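File shown: upload.txt (compact mmCIF, N, CA and C atoms and all ligand atoms).
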# COMPACT_ATOMS: atom_id res chain seq x y z
N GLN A 1 -1.95 -17.93 11.36
CA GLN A 1 -2.59 -16.68 11.75
C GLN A 1 -2.73 -15.71 10.58
N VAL A 2 -3.64 -14.74 10.69
CA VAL A 2 -3.75 -13.66 9.72
C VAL A 2 -2.46 -12.84 9.65
N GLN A 3 -1.83 -12.80 8.48
CA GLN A 3 -0.60 -12.02 8.30
C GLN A 3 -0.58 -11.21 7.02
N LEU A 4 -0.09 -9.98 7.14
CA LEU A 4 0.17 -9.12 6.00
C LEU A 4 1.60 -8.66 6.13
N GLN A 5 2.44 -9.00 5.17
CA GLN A 5 3.84 -8.61 5.25
C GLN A 5 4.24 -7.71 4.10
N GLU A 6 4.53 -6.46 4.41
CA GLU A 6 4.99 -5.52 3.41
C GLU A 6 6.49 -5.65 3.20
N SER A 7 6.94 -5.38 1.99
CA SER A 7 8.36 -5.32 1.68
C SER A 7 8.52 -4.40 0.49
N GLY A 8 9.77 -4.05 0.15
CA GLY A 8 10.05 -3.30 -1.06
C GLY A 8 10.30 -1.84 -0.81
N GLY A 9 10.28 -1.43 0.45
CA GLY A 9 10.63 -0.07 0.77
C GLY A 9 12.13 0.15 0.62
N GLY A 10 12.54 1.40 0.73
CA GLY A 10 13.93 1.76 0.61
C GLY A 10 14.15 3.26 0.71
N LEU A 11 15.39 3.67 0.48
CA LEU A 11 15.76 5.08 0.44
C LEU A 11 16.07 5.41 -1.00
N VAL A 12 15.51 6.49 -1.51
CA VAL A 12 15.59 6.75 -2.93
C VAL A 12 15.55 8.26 -3.12
N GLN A 13 16.14 8.77 -4.19
CA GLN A 13 16.12 10.22 -4.42
C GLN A 13 14.83 10.59 -5.12
N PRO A 14 14.38 11.84 -4.95
CA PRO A 14 13.17 12.34 -5.60
C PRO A 14 13.18 12.09 -7.09
N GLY A 15 12.02 11.76 -7.66
CA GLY A 15 11.96 11.40 -9.07
C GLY A 15 12.12 9.91 -9.30
N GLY A 16 12.62 9.19 -8.30
CA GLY A 16 12.81 7.76 -8.44
C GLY A 16 11.55 6.92 -8.29
N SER A 17 11.72 5.60 -8.37
CA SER A 17 10.62 4.68 -8.26
C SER A 17 10.88 3.62 -7.24
N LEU A 18 9.80 3.00 -6.78
CA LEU A 18 9.86 1.83 -5.91
C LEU A 18 8.62 0.99 -6.17
N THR A 19 8.68 -0.30 -5.89
CA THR A 19 7.49 -1.12 -5.89
C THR A 19 7.32 -1.90 -4.59
N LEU A 20 6.20 -1.66 -3.92
CA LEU A 20 5.93 -2.32 -2.67
C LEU A 20 5.14 -3.59 -2.91
N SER A 21 5.46 -4.62 -2.14
CA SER A 21 4.72 -5.87 -2.17
C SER A 21 4.16 -6.14 -0.81
N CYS A 22 3.03 -6.83 -0.79
CA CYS A 22 2.42 -7.22 0.46
C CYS A 22 1.98 -8.68 0.35
N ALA A 23 2.61 -9.56 1.10
CA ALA A 23 2.26 -10.97 1.03
C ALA A 23 1.20 -11.28 2.07
N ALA A 24 0.04 -11.75 1.62
CA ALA A 24 -1.06 -12.05 2.54
C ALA A 24 -1.17 -13.54 2.79
N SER A 25 -1.40 -13.90 4.05
CA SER A 25 -1.64 -15.30 4.40
C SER A 25 -2.62 -15.42 5.57
N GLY A 26 -3.20 -16.61 5.73
CA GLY A 26 -4.00 -16.92 6.90
C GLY A 26 -5.44 -16.48 6.80
N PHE A 27 -5.84 -16.09 5.60
CA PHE A 27 -7.22 -15.73 5.33
C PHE A 27 -7.41 -15.80 3.83
N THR A 28 -8.65 -15.69 3.37
CA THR A 28 -8.91 -15.77 1.95
C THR A 28 -8.75 -14.39 1.31
N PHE A 29 -7.55 -14.14 0.80
CA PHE A 29 -7.15 -12.88 0.17
C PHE A 29 -8.20 -12.38 -0.80
N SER A 30 -8.69 -13.30 -1.63
CA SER A 30 -9.67 -12.97 -2.67
C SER A 30 -10.99 -12.44 -2.14
N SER A 31 -11.26 -12.67 -0.86
CA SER A 31 -12.51 -12.22 -0.27
C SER A 31 -12.46 -10.77 0.19
N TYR A 32 -11.33 -10.11 0.00
CA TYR A 32 -11.19 -8.77 0.56
C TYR A 32 -10.70 -7.76 -0.44
N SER A 33 -11.33 -6.59 -0.44
CA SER A 33 -10.72 -5.43 -1.04
C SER A 33 -9.45 -5.10 -0.24
N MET A 34 -8.47 -4.47 -0.87
CA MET A 34 -7.18 -4.21 -0.25
C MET A 34 -6.82 -2.74 -0.34
N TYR A 35 -6.00 -2.29 0.61
CA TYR A 35 -5.65 -0.88 0.75
C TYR A 35 -4.15 -0.70 0.98
N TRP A 36 -3.60 0.37 0.41
CA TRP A 36 -2.34 0.91 0.86
C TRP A 36 -2.63 2.18 1.63
N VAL A 37 -2.09 2.27 2.84
CA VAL A 37 -2.17 3.48 3.64
C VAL A 37 -0.75 3.87 4.08
N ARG A 38 -0.52 5.13 4.40
CA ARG A 38 0.82 5.51 4.79
C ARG A 38 0.79 6.45 6.00
N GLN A 39 1.75 6.29 6.91
CA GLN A 39 1.90 7.23 8.02
C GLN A 39 3.29 7.88 8.05
N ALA A 40 3.33 9.20 8.14
CA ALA A 40 4.60 9.89 8.34
C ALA A 40 4.46 10.93 9.45
N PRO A 41 5.53 11.13 10.25
CA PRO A 41 5.51 12.02 11.41
C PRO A 41 4.91 13.38 11.09
N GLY A 42 3.88 13.75 11.84
CA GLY A 42 3.27 15.06 11.69
C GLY A 42 2.13 15.08 10.71
N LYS A 43 1.95 14.00 9.96
CA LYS A 43 0.91 13.98 8.94
C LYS A 43 -0.13 12.92 9.23
N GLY A 44 0.12 12.09 10.23
CA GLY A 44 -0.84 11.08 10.61
C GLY A 44 -1.00 9.99 9.56
N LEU A 45 -2.16 9.34 9.56
CA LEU A 45 -2.45 8.27 8.63
C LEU A 45 -3.23 8.83 7.47
N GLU A 46 -2.76 8.57 6.26
CA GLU A 46 -3.47 9.00 5.09
C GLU A 46 -3.59 7.82 4.12
N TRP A 47 -4.75 7.73 3.50
CA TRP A 47 -5.05 6.67 2.56
C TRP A 47 -4.28 6.91 1.27
N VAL A 48 -3.78 5.85 0.65
CA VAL A 48 -3.04 6.03 -0.59
C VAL A 48 -3.80 5.45 -1.78
N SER A 49 -4.24 4.21 -1.65
CA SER A 49 -4.84 3.54 -2.78
C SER A 49 -5.68 2.36 -2.35
N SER A 50 -6.67 1.99 -3.16
CA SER A 50 -7.50 0.82 -2.88
C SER A 50 -7.79 0.01 -4.15
N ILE A 51 -8.16 -1.24 -3.96
CA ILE A 51 -8.43 -2.12 -5.07
C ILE A 51 -9.53 -3.08 -4.63
N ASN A 52 -10.50 -3.37 -5.51
CA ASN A 52 -11.54 -4.32 -5.13
C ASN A 52 -11.02 -5.74 -5.21
N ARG A 53 -11.90 -6.70 -5.02
CA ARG A 53 -11.46 -8.08 -4.84
C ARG A 53 -10.78 -8.67 -6.06
N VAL A 54 -11.09 -8.18 -7.26
CA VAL A 54 -10.50 -8.77 -8.46
C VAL A 54 -9.70 -7.77 -9.28
N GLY A 55 -9.61 -6.53 -8.83
CA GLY A 55 -8.79 -5.55 -9.52
C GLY A 55 -9.49 -4.81 -10.64
N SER A 56 -10.79 -5.06 -10.80
CA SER A 56 -11.56 -4.39 -11.83
C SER A 56 -11.84 -2.95 -11.50
N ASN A 57 -11.64 -2.57 -10.25
CA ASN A 57 -11.81 -1.18 -9.84
C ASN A 57 -10.74 -0.82 -8.82
N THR A 58 -10.20 0.38 -8.98
CA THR A 58 -9.11 0.84 -8.15
C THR A 58 -9.36 2.30 -7.86
N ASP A 59 -8.82 2.77 -6.75
CA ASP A 59 -8.87 4.19 -6.44
C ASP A 59 -7.58 4.73 -5.87
N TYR A 60 -7.42 6.03 -5.98
CA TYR A 60 -6.21 6.69 -5.59
C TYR A 60 -6.52 7.97 -4.86
N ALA A 61 -5.80 8.21 -3.78
CA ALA A 61 -5.79 9.53 -3.17
C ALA A 61 -5.29 10.52 -4.19
N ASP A 62 -5.82 11.73 -4.13
CA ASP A 62 -5.53 12.76 -5.10
C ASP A 62 -4.04 13.08 -5.24
N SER A 63 -3.30 12.96 -4.15
CA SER A 63 -1.89 13.33 -4.16
C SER A 63 -1.00 12.34 -4.92
N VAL A 64 -1.49 11.13 -5.15
CA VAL A 64 -0.67 10.11 -5.80
C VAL A 64 -1.21 9.70 -7.17
N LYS A 65 -2.35 10.28 -7.55
CA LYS A 65 -3.03 9.96 -8.81
C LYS A 65 -2.12 10.18 -9.99
N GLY A 66 -2.03 9.18 -10.86
CA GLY A 66 -1.15 9.28 -12.01
C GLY A 66 0.31 8.89 -11.73
N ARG A 67 0.68 8.73 -10.46
CA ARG A 67 2.06 8.36 -10.12
C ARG A 67 2.13 6.95 -9.56
N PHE A 68 1.10 6.55 -8.83
CA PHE A 68 1.10 5.25 -8.18
C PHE A 68 0.11 4.34 -8.87
N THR A 69 0.37 3.04 -8.82
CA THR A 69 -0.53 2.03 -9.38
C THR A 69 -0.65 0.88 -8.41
N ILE A 70 -1.88 0.57 -8.00
CA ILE A 70 -2.12 -0.58 -7.14
C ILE A 70 -2.50 -1.77 -8.02
N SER A 71 -2.13 -2.97 -7.61
CA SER A 71 -2.55 -4.16 -8.35
C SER A 71 -2.50 -5.32 -7.39
N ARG A 72 -3.11 -6.43 -7.77
CA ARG A 72 -3.09 -7.61 -6.91
C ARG A 72 -2.94 -8.86 -7.72
N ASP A 73 -2.38 -9.87 -7.09
CA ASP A 73 -2.29 -11.19 -7.67
C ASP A 73 -3.05 -12.17 -6.79
N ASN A 74 -4.23 -12.59 -7.24
CA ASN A 74 -5.04 -13.47 -6.40
C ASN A 74 -4.60 -14.93 -6.42
N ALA A 75 -3.71 -15.28 -7.34
CA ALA A 75 -3.05 -16.59 -7.31
C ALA A 75 -1.96 -16.62 -6.24
N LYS A 76 -1.13 -15.58 -6.21
CA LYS A 76 -0.03 -15.51 -5.25
C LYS A 76 -0.40 -14.83 -3.94
N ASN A 77 -1.60 -14.27 -3.89
CA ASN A 77 -2.08 -13.58 -2.70
C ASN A 77 -1.13 -12.46 -2.33
N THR A 78 -0.91 -11.57 -3.28
CA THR A 78 0.04 -10.51 -3.11
C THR A 78 -0.56 -9.21 -3.60
N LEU A 79 -0.31 -8.15 -2.85
CA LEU A 79 -0.73 -6.81 -3.19
C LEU A 79 0.49 -6.01 -3.61
N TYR A 80 0.34 -5.11 -4.57
CA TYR A 80 1.47 -4.35 -5.04
C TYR A 80 1.14 -2.90 -5.11
N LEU A 81 2.18 -2.08 -5.05
CA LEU A 81 2.04 -0.66 -5.27
C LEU A 81 3.27 -0.16 -6.01
N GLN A 82 3.13 0.14 -7.29
CA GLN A 82 4.26 0.69 -8.03
C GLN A 82 4.20 2.19 -7.88
N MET A 83 5.33 2.77 -7.51
CA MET A 83 5.38 4.21 -7.29
C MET A 83 6.38 4.87 -8.22
N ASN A 84 5.92 5.85 -8.97
CA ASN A 84 6.80 6.59 -9.85
C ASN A 84 6.84 8.02 -9.42
N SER A 85 7.87 8.73 -9.85
CA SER A 85 8.00 10.16 -9.63
C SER A 85 7.86 10.50 -8.15
N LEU A 86 8.61 9.77 -7.32
CA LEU A 86 8.53 9.94 -5.89
C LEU A 86 8.96 11.34 -5.49
N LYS A 87 8.25 11.90 -4.51
CA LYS A 87 8.58 13.19 -3.92
C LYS A 87 8.90 13.02 -2.45
N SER A 88 9.61 14.01 -1.90
CA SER A 88 9.83 14.14 -0.45
C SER A 88 8.61 13.83 0.36
N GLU A 89 7.49 14.39 -0.06
CA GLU A 89 6.24 14.26 0.65
C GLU A 89 5.69 12.85 0.64
N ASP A 90 6.27 11.97 -0.16
CA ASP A 90 5.82 10.58 -0.16
C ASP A 90 6.54 9.78 0.93
N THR A 91 7.48 10.41 1.63
CA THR A 91 8.23 9.73 2.68
C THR A 91 7.29 9.30 3.79
N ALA A 92 7.28 8.01 4.11
CA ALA A 92 6.33 7.47 5.07
C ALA A 92 6.58 6.01 5.29
N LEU A 93 5.95 5.51 6.33
CA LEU A 93 5.83 4.10 6.58
C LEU A 93 4.57 3.62 5.87
N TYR A 94 4.72 2.71 4.91
CA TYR A 94 3.60 2.24 4.11
C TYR A 94 3.03 0.94 4.60
N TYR A 95 1.72 0.88 4.73
CA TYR A 95 1.08 -0.34 5.19
C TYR A 95 0.11 -0.87 4.16
N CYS A 96 -0.05 -2.18 4.10
CA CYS A 96 -1.21 -2.67 3.38
C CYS A 96 -2.18 -3.21 4.40
N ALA A 97 -3.46 -3.18 4.06
CA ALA A 97 -4.52 -3.43 5.02
C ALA A 97 -5.78 -3.81 4.28
N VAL A 98 -6.69 -4.52 4.93
CA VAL A 98 -7.97 -4.86 4.33
C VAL A 98 -9.00 -3.73 4.44
N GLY A 99 -8.65 -2.64 5.09
CA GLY A 99 -9.53 -1.49 5.18
C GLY A 99 -8.72 -0.24 5.41
N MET A 100 -9.30 0.92 5.09
CA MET A 100 -8.67 2.21 5.36
C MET A 100 -8.19 2.38 6.80
N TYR A 101 -8.91 1.75 7.72
CA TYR A 101 -8.75 2.01 9.13
C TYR A 101 -8.52 0.71 9.87
N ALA A 102 -8.21 -0.35 9.14
CA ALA A 102 -7.96 -1.64 9.79
C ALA A 102 -6.73 -1.59 10.68
N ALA A 103 -6.74 -2.40 11.74
CA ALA A 103 -5.63 -2.52 12.68
C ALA A 103 -5.08 -3.93 12.63
N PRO A 104 -3.82 -4.13 13.08
CA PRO A 104 -3.20 -5.46 13.11
C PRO A 104 -4.12 -6.47 13.76
N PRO A 105 -4.18 -7.70 13.23
CA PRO A 105 -3.37 -8.21 12.12
C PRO A 105 -3.91 -7.85 10.75
N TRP A 106 -4.98 -7.07 10.67
CA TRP A 106 -5.59 -6.77 9.37
C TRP A 106 -4.93 -5.58 8.68
N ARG A 107 -3.85 -5.11 9.28
CA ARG A 107 -2.90 -4.16 8.69
C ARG A 107 -1.52 -4.72 9.03
N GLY A 108 -0.56 -4.56 8.12
CA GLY A 108 0.76 -5.15 8.31
C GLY A 108 1.61 -4.30 9.24
N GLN A 109 2.88 -4.63 9.37
CA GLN A 109 3.76 -3.85 10.23
C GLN A 109 4.43 -2.72 9.47
N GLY A 110 4.30 -2.73 8.15
CA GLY A 110 4.74 -1.62 7.33
C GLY A 110 6.11 -1.78 6.68
N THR A 111 6.36 -0.98 5.66
CA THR A 111 7.65 -0.93 5.01
C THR A 111 8.00 0.55 4.82
N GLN A 112 9.21 0.96 5.21
CA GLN A 112 9.56 2.38 5.19
C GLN A 112 10.00 2.86 3.82
N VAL A 113 9.46 3.97 3.34
CA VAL A 113 10.06 4.58 2.18
C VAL A 113 10.47 6.02 2.49
N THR A 114 11.72 6.30 2.18
CA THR A 114 12.32 7.58 2.46
C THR A 114 12.81 8.13 1.17
N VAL A 115 12.25 9.27 0.80
CA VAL A 115 12.57 9.93 -0.45
C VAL A 115 13.34 11.18 -0.12
N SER A 116 14.65 11.15 -0.31
CA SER A 116 15.45 12.27 0.15
C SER A 116 16.57 12.67 -0.78
N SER A 117 16.70 13.98 -0.96
CA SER A 117 17.83 14.58 -1.66
C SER A 117 19.13 14.38 -0.88
CL CL A 201 2.36 11.49 13.47
Would you give me this structure, written as structure tokens?
Amino acid sequence: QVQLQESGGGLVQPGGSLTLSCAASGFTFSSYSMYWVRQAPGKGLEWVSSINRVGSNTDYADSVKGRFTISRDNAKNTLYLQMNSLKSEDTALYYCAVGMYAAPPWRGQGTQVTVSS
């Protein structure tokens, strides 16, 4: 079946880093642009980052620009998000998805990141 599995979340103090991974299976990963989106209580769903099919073009929400980096491995069918200089406001459940607004199975079940003093 179509599966997207996020991992790499954790609890970390502000200023710290994390790297999220998303293992894709059950479809041709290379045929899809990929997205990181995040949801946190009271803030709804907000887009974080996107990458085209081969990684030659990437985009970032304004709030994470210069701090986060999206990348993909089309051999391993894996999506990544390296996060630096984490803030409180980055606390959220992070999902990877084939679209900004995709729903399961085309969005994963998420990985929690909690940035707390
Ligand atoms: Cl909410």
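Nearest residue to residue 73 of chain A, choosing from A:5, A:13, A:30, A:114 and counting only C-alpha atoms: A:30.
Neighbouring residues of ligand CL 201 (chain A) at a cut-off of 7 Å, counting all atoms listed in the file, are residues 39, 40, 41, 42, 43, 44 and 45 of chain A.
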Write a file of the selected residues as a PDB file, keeping the file's coordinate frame, keeping N, CA and C atoms.
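Once everything was written out, this is selection13.pdb:
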ATOM      1  N   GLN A  39       1.750   6.290   6.910  1.00  0.00           N
ATOM      2  CA  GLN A  39       1.900   7.230   8.020  1.00  0.00           C
ATOM      3  C   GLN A  39       3.290   7.880   8.050  1.00  0.00           C
ATOM      4  N   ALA A  40       3.330   9.200   8.140  1.00  0.00           N
ATOM      5  CA  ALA A  40       4.600   9.890   8.340  1.00  0.00           C
ATOM      6  C   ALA A  40       4.460  10.930   9.450  1.00  0.00           C
ATOM      7  N   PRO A  41       5.530  11.130  10.250  1.00  0.00           N
ATOM      8  CA  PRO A  41       5.510  12.020  11.410  1.00  0.00           C
ATOM      9  C   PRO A  41       4.910  13.380  11.090  1.00  0.00           C
ATOM     10  N   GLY A  42       3.880  13.750  11.840  1.00  0.00           N
ATOM     11  CA  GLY A  42       3.270  15.060  11.690  1.00  0.00           C
ATOM     12  C   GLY A  42       2.130  15.080  10.710  1.00  0.00           C
ATOM     13  N   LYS A  43       1.950  14.000   9.960  1.00  0.00           N
ATOM     14  CA  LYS A  43       0.910  13.980   8.940  1.00  0.00           C
ATOM     15  C   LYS A  43      -0.130  12.920   9.230  1.00  0.00           C
ATOM     16  N   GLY A  44       0.120  12.090  10.230  1.00  0.00           N
ATOM     17  CA  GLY A  44      -0.840  11.080  10.610  1.00  0.00           C
ATOM     18  C   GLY A  44      -1.000   9.990   9.560  1.00  0.00           C
ATOM     19  N   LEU A  45      -2.160   9.340   9.560  1.00  0.00           N
ATOM     20  CA  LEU A  45      -2.450   8.270   8.630  1.00  0.00           C
ATOM     21  C   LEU A  45      -3.230   8.830   7.470  1.00  0.00           C
TER      22      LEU A  45
END
Identify the residues within 7 Å of coordinate (8.0, 10.6, 3.2) (same frame as the file), considering only N, CA and C atoms, and give the answer as a short mmCIF file (atom, residue, chain, number, x, y, z; two decimals) with N, CA and C atoms, in the frame of the given file.
data_model
loop_
_atom_site.label_atom_id
_atom_site.label_comp_id
_atom_site.auth_asym_id
_atom_site.auth_seq_id
_atom_site.Cartn_x
_atom_site.Cartn_y
_atom_site.Cartn_z
N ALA A 40 3.33 9.20 8.14
CA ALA A 40 4.60 9.89 8.34
C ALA A 40 4.46 10.93 9.45
N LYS A 87 8.25 11.90 -4.51
CA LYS A 87 8.58 13.19 -3.92
C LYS A 87 8.90 13.02 -2.45
N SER A 88 9.61 14.01 -1.90
CA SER A 88 9.83 14.14 -0.45
C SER A 88 8.61 13.83 0.36
N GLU A 89 7.49 14.39 -0.06
CA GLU A 89 6.24 14.26 0.65
C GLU A 89 5.69 12.85 0.64
N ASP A 90 6.27 11.97 -0.16
CA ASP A 90 5.82 10.58 -0.16
C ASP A 90 6.54 9.78 0.93
N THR A 91 7.48 10.41 1.63
CA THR A 91 8.23 9.73 2.68
C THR A 91 7.29 9.30 3.79
N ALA A 92 7.28 8.01 4.11
CA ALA A 92 6.33 7.47 5.07
C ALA A 92 6.58 6.01 5.29
N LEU A 93 5.95 5.51 6.33
CA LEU A 93 5.83 4.10 6.58
C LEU A 93 4.57 3.62 5.87
N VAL A 113 9.46 3.97 3.34
CA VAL A 113 10.06 4.58 2.18
C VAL A 113 10.47 6.02 2.49
N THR A 114 11.72 6.30 2.18
CA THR A 114 12.32 7.58 2.46
C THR A 114 12.81 8.13 1.17
N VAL A 115 12.25 9.27 0.80
CA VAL A 115 12.57 9.93 -0.45
C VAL A 115 13.34 11.18 -0.12
#
Handout entry: Shell around residue 17 of chain A at 5 Å using only N, CA and C atoms, local window under 2 positions removed, as JSON, numbers by chain
Key = {"A": [15, 19, 83, 84]}
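Across the model, the gap from atom N of residue 54 of chain A to atom C of residue 82 of chain A is 18.5 Å.
From atom CA of residue 70 of chain A back to atom CA of residue 110 of chain A, the distance works out to 16.0 Å.
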